[PDB]
């Protein structure tokens, strides 16, 4: 199975995204902040990272930046799933290496279509 690293500070949010990813047969590893996420990459290499922006300890922008600075981390595709609704927010994330920015509130079925697209190229 494909392995997805899910990074968000909300347990409620992680639970629903995890449910929807598991419906498709994907394995899911959860992190509650950006620093935890980068620490989990020492144990595995995910096929996809789903990343929030506004997190304590280490925010998503910092995560995306640090992801670009390691060779072994830089190629993992990242979908940013965020309440940050601005065009400038999105442009910053994409310029930091995100493959796709989806806004919250989101459609779980649209989100999973985009996940599949990134996992299958």
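Positions refer to the first chain, counted from 1.
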#### Entry: Greater mean Cα temperature factor according to the PDB record, 44-52 or 69-77
69-77
### Task
Averaging the C-alpha B factors as listed in the entry, name the stretch that ends up higher: 55-63 or 80-88.
80-88
### Query
Thinking about Cα B factors across the chain, which third does residue 97 belong to?
highest
#### Entry: residue 118 by Cα B-factor - lowest, middle or highest third of the modelled chain
highest
### Summary
Quick tally, chain-level thirds of C-alpha B-factors: residue 108 sits in the middle
